[PDB]
Amino acid sequence: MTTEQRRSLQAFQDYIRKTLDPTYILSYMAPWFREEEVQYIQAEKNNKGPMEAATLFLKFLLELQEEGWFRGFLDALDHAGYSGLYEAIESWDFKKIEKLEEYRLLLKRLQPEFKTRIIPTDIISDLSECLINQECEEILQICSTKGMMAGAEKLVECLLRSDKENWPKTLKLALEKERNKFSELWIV
Amino acid sequence: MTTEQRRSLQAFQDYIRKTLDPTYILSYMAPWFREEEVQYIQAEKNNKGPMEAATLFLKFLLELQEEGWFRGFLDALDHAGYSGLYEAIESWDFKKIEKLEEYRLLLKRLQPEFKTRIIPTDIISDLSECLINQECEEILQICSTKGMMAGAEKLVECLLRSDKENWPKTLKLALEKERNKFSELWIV
Amino acid sequence: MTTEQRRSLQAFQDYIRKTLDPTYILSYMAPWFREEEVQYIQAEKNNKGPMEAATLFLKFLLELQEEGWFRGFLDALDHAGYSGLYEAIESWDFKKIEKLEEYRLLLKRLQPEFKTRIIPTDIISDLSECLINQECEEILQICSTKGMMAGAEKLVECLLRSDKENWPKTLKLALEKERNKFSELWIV
Amino acid sequence: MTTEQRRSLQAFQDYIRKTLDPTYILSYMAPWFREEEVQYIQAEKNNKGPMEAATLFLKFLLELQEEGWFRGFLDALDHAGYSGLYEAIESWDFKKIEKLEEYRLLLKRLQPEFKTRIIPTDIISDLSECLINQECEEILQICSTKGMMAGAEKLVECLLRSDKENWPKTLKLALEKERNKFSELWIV
Amino acid sequence: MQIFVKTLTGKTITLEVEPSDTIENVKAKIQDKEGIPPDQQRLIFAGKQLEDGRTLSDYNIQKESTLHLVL
Amino acid sequence: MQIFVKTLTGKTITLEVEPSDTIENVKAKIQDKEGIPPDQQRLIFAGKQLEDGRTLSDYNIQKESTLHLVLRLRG
Amino acid sequence: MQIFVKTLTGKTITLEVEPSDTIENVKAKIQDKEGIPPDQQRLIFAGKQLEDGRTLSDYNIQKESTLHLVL
Amino acid sequence: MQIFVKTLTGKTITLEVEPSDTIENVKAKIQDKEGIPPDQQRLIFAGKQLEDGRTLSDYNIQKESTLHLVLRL
Amino acid sequence: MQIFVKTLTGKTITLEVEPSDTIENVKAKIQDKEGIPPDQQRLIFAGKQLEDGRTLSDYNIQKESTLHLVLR
Amino acid sequence: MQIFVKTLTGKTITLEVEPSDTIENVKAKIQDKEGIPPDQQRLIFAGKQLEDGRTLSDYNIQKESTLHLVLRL
Numbered sequence: 001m002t003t004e005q006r007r008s009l010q011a012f013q014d015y016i017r018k019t020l021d022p023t024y025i026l027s028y029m030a031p032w033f034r035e036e037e038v039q040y041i042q043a044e045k046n047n048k049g050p051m052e053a054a055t056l057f058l059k060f061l062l063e064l065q066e067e068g069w070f071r072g073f074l075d076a077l078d079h080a081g082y083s084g085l086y087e088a089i090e091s092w093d094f095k096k097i098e099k100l101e102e103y104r105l106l107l108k109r110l111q112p113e114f115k116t117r118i119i120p121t122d123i124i125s126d127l128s129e130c131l132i133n134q135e136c137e138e139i140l141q142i143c144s145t146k147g148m149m150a151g152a153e154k155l156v157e158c159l160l161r162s163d164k165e166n167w168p169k170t171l172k173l174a175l176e177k178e179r180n181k182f183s184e185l186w187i188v
Numbered sequence: 001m002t003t004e005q006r007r008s009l010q011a012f013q014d015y016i017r018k019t020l021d022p023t024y025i026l027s028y029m030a031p032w033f034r035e036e037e038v039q040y041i042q043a044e045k046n047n048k049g050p051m052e053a054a055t056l057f058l059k060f061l062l063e064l065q066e067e068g069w070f071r072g073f074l075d076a077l078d079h080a081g082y083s084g085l086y087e088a089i090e091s092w093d094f095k096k097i098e099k100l101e102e103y104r105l106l107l108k109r110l111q112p113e114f115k116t117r118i119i120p121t122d123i124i125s126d127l128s129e130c131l132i133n134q135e136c137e138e139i140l141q142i143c144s145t146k147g148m149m150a151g152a153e154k155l156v157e158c159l160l161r162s163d164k165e166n167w168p169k170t171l172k173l174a175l176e177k178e179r180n181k182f183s184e185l186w187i188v
Numbered sequence: 001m002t003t004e005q006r007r008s009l010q011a012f013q014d015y016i017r018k019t020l021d022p023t024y025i026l027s028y029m030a031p032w033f034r035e036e037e038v039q040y041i042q043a044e045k046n047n048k049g050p051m052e053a054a055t056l057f058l059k060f061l062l063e064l065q066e067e068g069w070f071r072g073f074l075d076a077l078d079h080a081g082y083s084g085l086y087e088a089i090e091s092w093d094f095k096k097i098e099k100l101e102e103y104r105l106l107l108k109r110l111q112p113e114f115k116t117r118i119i120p121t122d123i124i125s126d127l128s129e130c131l132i133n134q135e136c137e138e139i140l141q142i143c144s145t146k147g148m149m150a151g152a153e154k155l156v157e158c159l160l161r162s163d164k165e166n167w168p169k170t171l172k173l174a175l176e177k178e179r180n181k182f183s184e185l186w187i188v
Numbered sequence: 001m002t003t004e005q006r007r008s009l010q011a012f013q014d015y016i017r018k019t020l021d022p023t024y025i026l027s028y029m030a031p032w033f034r035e036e037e038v039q040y041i042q043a044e045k046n047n048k049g050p051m052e053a054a055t056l057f058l059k060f061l062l063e064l065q066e067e068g069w070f071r072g073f074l075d076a077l078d079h080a081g082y083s084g085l086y087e088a089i090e091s092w093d094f095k096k097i098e099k100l101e102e103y104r105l106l107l108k109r110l111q112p113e114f115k116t117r118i119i120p121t122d123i124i125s126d127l128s129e130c131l132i133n134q135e136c137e138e139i140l141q142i143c144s145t146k147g148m149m150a151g152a153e154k155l156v157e158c159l160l161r162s163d164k165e166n167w168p169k170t171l172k173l174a175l176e177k178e179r180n181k182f183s184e185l186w187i188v
Numbered sequence: 001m002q003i004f005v006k007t008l009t010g011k012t013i014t015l016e017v018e019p020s021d022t023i024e025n026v027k028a029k030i031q032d033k034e035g036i037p038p039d040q041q042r043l044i045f046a047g048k049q050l051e052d053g054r055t056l057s058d059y060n061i062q063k064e065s066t067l068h069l070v071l
Numbered sequence: 001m002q003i004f005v006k007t008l009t010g011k012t013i014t015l016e017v018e019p020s021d022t023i024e025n026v027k028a029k030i031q032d033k034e035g036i037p038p039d040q041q042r043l044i045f046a047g048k049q050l051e052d053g054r055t056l057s058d059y060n061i062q063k064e065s066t067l068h069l070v071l072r073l074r075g
Numbered sequence: 001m002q003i004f005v006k007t008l009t010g011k012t013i014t015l016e017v018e019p020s021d022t023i024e025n026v027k028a029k030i031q032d033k034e035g036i037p038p039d040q041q042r043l044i045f046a047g048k049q050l051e052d053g054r055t056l057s058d059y060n061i062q063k064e065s066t067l068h069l070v071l
Numbered sequence: 001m002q003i004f005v006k007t008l009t010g011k012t013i014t015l016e017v018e019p020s021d022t023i024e025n026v027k028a029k030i031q032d033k034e035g036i037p038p039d040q041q042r043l044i045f046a047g048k049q050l051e052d053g054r055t056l057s058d059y060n061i062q063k064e065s066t067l068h069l070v071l072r073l
Numbered sequence: 001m002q003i004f005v006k007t008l009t010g011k012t013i014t015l016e017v018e019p020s021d022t023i024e025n026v027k028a029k030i031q032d033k034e035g036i037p038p039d040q041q042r043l044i045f046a047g048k049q050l051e052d053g054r055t056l057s058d059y060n061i062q063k064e065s066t067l068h069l070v071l072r
Numbered sequence: 001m002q003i004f005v006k007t008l009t010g011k012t013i014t015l016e017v018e019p020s021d022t023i024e025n026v027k028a029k030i031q032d033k034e035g036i037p038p039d040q041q042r043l044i045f046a047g048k049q050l051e052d053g054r055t056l057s058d059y060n061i062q063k064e065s066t067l068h069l070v071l072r073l
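So the protein sequences, as listed, match chains C, B, D, A, G, H, I, F, E and J.
Mapping of the first sequence onto PDB author numbering: residues 1 to 188, in sequence order.
Mapping of the second sequence onto PDB author numbering: residues 1 to 188, in sequence order.
Mapping of the third sequence onto PDB author numbering: residues 1 to 188, in sequence order.
Mapping of the fourth sequence onto PDB author numbering: residues 1 to 188, in sequence order.
Mapping of the fifth sequence onto PDB author numbering: residues 1 to 71, in sequence order.
Mapping of the sixth sequence onto PDB author numbering: residues 1 to 75, in sequence order.
Mapping of the seventh sequence onto PDB author numbering: residues 1 to 71, in sequence order.
Mapping of the eighth sequence onto PDB author numbering: residues 1 to 73, in sequence order.
Mapping of the ninth sequence onto PDB author numbering: residues 1 to 72, in sequence order.
Mapping of the tenth sequence onto PDB author numbering: residues 1 to 73, in sequence order.
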């Protein structure tokens, strides 16, 4: 049985990895994993990166034997703030996140001007709903300890990963108030 | 004699794997190991994570022939801050650390509130009494370069690993001081 | 063809690797790299340091099949502030950067004395063309949150990596105005 | 004609491997190896650690048929910062490296106090004169993200591997300035 | 609707409940099944104490959610 | 033209289509063949959710390509 | 002398141009090649929207640069 | 029901008990049988040190299971 | 009670001591075995050089502990 | 003495020279063998671009060292 929904996961992966960082839902997931190997995933985060860490989290997830673990995954996403994935996996329908792929690749090709133009601090408060908490609390720590560009850069990185339905819109809302710049460059 | 007490070590390897990060006692264990196997570890720690690194440290530990190596191991544990563990192996009695497993699973299942609620610094000093030094100067670099959540997350890791007899008490008091939060949550 | 310019690139990799920190060109290279490898380059920077990160960025760079990747790399270099490396690589002629290698070892030999003598806040603005932008705003934040010491030392780190034709001259001009005593200690 | 130096190389092994990290002189050695297999050695460095990675580099070193490989290897050592190993290998006499083995074992034995006592910053500048660059900036990235002891820990690791004739002295000189640590306890 | 309750010993039990039900019911069914008195029971979901007065729907407990019992 | 569709069970179905068809049309044919309603149907190609409105030509589906079918699970 | 039109999705087209050419020329050449009017088209190079009046040399675009066209 | 007790020496001894017995009792059975005092006895099951107060069922120790005894020298 | 003393060369001796014994005792005892005068002897335990006046128990040295000898 | 130069094409050219020779001389000998004018020639040794004025002895280039030839294209 379980194989059916895991298989639904297995075919339907790759949106997950490019949308997900396991560490947060790791904080949530402790009992379903051996206390060990959670660190494998984390060490993979700081070694290879969050995405590769995610695909490893998938490798470990899919092998999961015991019981009830699926709604564990779902609840983990939900309670950590990854919404559109909880939503999308409960309904198995991702169209939203794909229209996101549109705005995502747009940003990726537009990244440098984002870097120079933007001050990651003023706008973060506003589009914070669109981000994870650990996420939000970084950036500021980054541009606090490194610089406005580095911060912004990581901001983009976190944005490309976000599963939130409207985030390009709320972003546009956040700059269309604060000064302007990308208000003329970023459009919907 | 030696084999008997190795069999005693290996008998419950187990606890060790999840209570110890070998790099610190490597700092201490240096003359007894080839540099190659010390280097194997840390590659394992920084790739696979601290536990697997520990279980490997165990494989290599068990391989140790040369005179006095065990009391060497002990002096290393005592001197690294792993005192509460050395106590238990010198008497070969771990009951305390199991009682810990009680309060440990308490945290492990309860992690999210720790994540969001706690500011690791004030309390790090107090349960800095309660943790190993590397852990202590770390978590600072973490919550400094990543932010308070990451620090807290790691704090949980360091606590889950802690061998200190009373550490949940030390924590409970340390939080019963700073603001409240878990004072309404973490009790025993 | 492509292969010639790839191996011709590799022929020079020593200079590139030691003159470049890829994260900036990550801002530019976005559409040409997979996110996996982009984050990897970043994780190698933040774990092992900029040189290995660069060497990996090269390792990944050459692997690019798709067309225009080269002038992509170049435009990224030019537009990122790495101009003068771009210059030298576009003509495949590096003499300038080597004359630099001379003044570079000079600086590294007085680095402690430099570190102690120089106040980054005042001089940095003038030699801003001489550094990448992140390098500039990194260090404002340093000597702000760490101290003047770190600011100067890091100033040296970023300056030693500099690809600017004339930077020792520009440096002498920028310091020879504000104060300075160390002006007698630098030279032609 | 070639086998002769292959045989002498075979003899002076074990001195080589415990003194050497291969990936750097690989950055230099490109034309004699597969562009691949460099990755083998690299994966071995980050998997097994630098020494075993080196003994593999040795396995590969000896089997090399293609022209110029030896003096190529020498040039690789020299230009990579491995000079003094290079000296001894070009002259086939290791006197210095063994006198080093003396001070190397001393440090190995004083490692814990080293860990606690040392702040790897000021000293890195001076014994940056004493080390390979990749290592140094690694040391910094470590204590930047992992804390001061971890950094130092990597510092001792790199020092034991160091081939520089006078490095214990330059350490002592670097230490007698800013007395502050085991300048008494480290003597030469 | 039906959900899970996980003891520290490792044993795992499932309770039949409705979203409108109050923790009184759940604690009571666990009491009925395995014998744990209502006073010492503390159920946790996603690291939060479930309040006796409150119901499942406000706290967002779906079918096949997992509570950890502690005491 | 001919294409492949892969259910979660692993079995593969072979369908005759044209570039002009819109994913809704294909969905209508898959409903017509195996009985799964179009609403509940979700098709994947090269790791992308396929949109009902667009056409196969837009996603560049040539002859003998493979879509993976997924279903809406469940109650 | 030639540079690129990379729809945000996957298509890549190659255009032959001169350093003196104006962005108008490029978009018009894009109209000639792919058939899309200049109206909906937005060309971006290194994260900067290109204005029709300026020229290629003015924006510092050499051979095999990628301005991406996007819409 | 019957279970196993495994010394470090490698020798394996079998104890016949029911889940109702207490680990103290088990330790006492080992004292009465093999001569080892209850104090020195330390029983481990599947990588968990066994508590004296607990019962056999509480640890989910079924038939033909292996407990590891260790002593302190 | 018994302990071990290991020079950096890799060499080894086992010393018979009491918990109350003083480092002077040990250094002289090492002289008694290996011939090195107490003057030239430097003992280190867990990365700390041991001073003549203190005793073994002060430094927490139990049975089969290992001191490292250093020369000149 | 003898040296090696590895063209980007992969060919390895073998040159017969003296330590006293200048990089200019070398480039001219390379023109003599492969025909490439010195103007487009760029030689690198161990990741350093070689300056025309300096000599092999000045660069510590011994027998059987390998230079990489590069061109302007």
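We treat Cβ as the ideally placed atom computed from N, Cα and C, and that holds for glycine.
Quick one: what's got a C-beta closer than 6 angstroms to E/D52's C-beta in the same chain, skipping five residues either side? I23, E24
Proximity winner among C/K169, C/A88, C/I132, relative to C/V188 (alpha-carbon distances): C/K169
Per-residue DSSP class, three states only, for J/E24: helix
Using a Cβ-Cβ cut-off of 8 angstroms, state whether E/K48 counts as contacting chain A. yes
Would you please verify whether the beta carbon of D/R7 is less than 8 angstroms from any beta carbon of chain I? no
Which residues of the stretch 8 to 19 of chain A have a Cβ closer than 7 angstroms to any Cβ of chain J? Give them in chain order. none
Going by beta-carbon coordinates alone, are A/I118 and A/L155 separated by less than 8 angstroms? yes
Nearest CA to the CA of C/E153: which residue from D/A30, D/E102, D/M1? D/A30
I'd like to check one pair, H/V5 with H/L50: are the Cβ atoms closer than 8 angstroms? no
So, are the CB atoms of A/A76 and A/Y28 less than 8 angstroms apart? yes
With a cut-off of 8 angstroms, do at least 3 Cβ pairs link the stretch 131 to 140 of chain C to the stretch 57 to 77 of chain C? no
Pick out whichever of I/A46, I/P19, I/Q40 has its Cα sitting closest to the Cα of D/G81. I/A46
List, in chain order, every chain E residue whose beta-carbon is nearer than 7 angstroms to that of A/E113. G47, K48
From E/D58 to C/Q42, what distance separates their C-alpha atoms? 42 angstroms
For C/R161, go through chain I and note every residue whose CB falls closer than 7 angstroms to its CB, in chain order. None at all; the shortest Cβ gap to chain I is about 19 angstroms.
Taking C-beta to C-beta, are F/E16 and F/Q31 nearer than 8 angstroms? no
Any chain B beta carbon closer than 8 angstroms to C/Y40: yes
With a threshold of 16 other CB atoms inside 10 Å of the CB of B/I123, please say whether the residue is buried or exposed. buried
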